[PDB]
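Residue numbers (the entry's author numbering), protein chains in the order written: chain A, 1 to 133; chain B, 1 to 133.
Even for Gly, the Cβ is constructed at its ideal location relative to N, Cα and C.
This is the structure we're talking about:
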């Protein structure tokens, strides 16, 4: 069949590294790219093609119990070891990440159909907002 | 409430770069990472949390008509200009990307449940296999 229509999910990717190296793609990009899984959406009408390609990688599951300190390795970010303790302040989830970096933690709360996550390290605060799907 | 269950899709990510810089993540990695958006799935049972975060790049829309030449930049890869021509060879969609790199192109075809994509540059071949979502 010539019918390539569909939403296609990558199951195998062999020698992406060698291909990217032949394109002189820099190491920082390759180190990330080799870890990615792709979704390709193809809309095809005869010889007319529209393709939409999206790269995703799965962050490492984070499981915890409020009130119980746990060891965590921040592999999705800086890959450091922290001792995390999550507690409630009202209905706000508050985490202190004890470790090498000073003043490191986060807090997470809901307002309406939105989730807010503020991450802090030192004098820097990142505010993330999510919408419920 | 103290109920954060749900699938949460990122709407905004303020000062992600500054926070990553405070965590000593390198500039090249930061410049890639700020292009990401996240989906966060939270399964909460009382004070027990299981969280699953997925980061996604949006790449490269590519549209073309078989048999019609088109200039493009390979923005999701090395960002080089190629003049591409896609033709059919049997059921195989064949693309030659004329440009600075020798023997550059790709081939895409369907076998049953699966889409095959072979990328070539020079003496390097990358084979990708996708399955329907």
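- Within chain A, not a single residue places a beta-carbon under 7 Å from that of residue 73 of chain B; the smallest gap is close to 13 Å.
- Sequence-distant partners of residue 9 of chain B (beyond 5 residues in either direction) whose C-beta falls short of 6 Å from its own C-beta, in its chain, are 39.
- Per the DSSP secondary-structure output, residue 89 of chain A pairs in a beta bridge with A:92.
- Sequence-ordered contacts of the stretch 77-88 of chain B with chain A read 77, 78, 80, 86, 88 [C-beta pairs closer than 9 Å].
- Within the model, the alpha-carbon separation for residue 74 of chain B versus residue 15 of chain B is close to 29 Å.
- Bridge partners of residue 119 of chain B according to DSSP: B:106, B:126.
- Among the residues of chain A, those whose CB is under 8 Å from the CB of residue 11 of chain B are 114, 129, 130, 131, following chain order.
- Taking a 10 Å sphere around the C-beta of residue 13 of chain A, we find 16 or more other C-beta atoms and assign the residue as buried.
- In this model, residue 97 of chain A and residue 102 of chain B are separated by some 50 Å (Cα to Cα).
- Straight through space, the alpha carbons of residue 67 of chain A and residue 130 of chain B are spaced by roughly 43 Å.
- In this structure, the CA atom of residue 41 of chain B is about 8 Å from the CA atom of residue 54 of chain B.
- Excluding the 5 residues flanking it on each side, residue 117 of chain A has same chain C-beta neighbours closer than 6 Å at 108, 128, in chain order.
- Taking the CA atoms as reference points, residue 36 of chain A sits about 19 Å from residue 62 of chain A.
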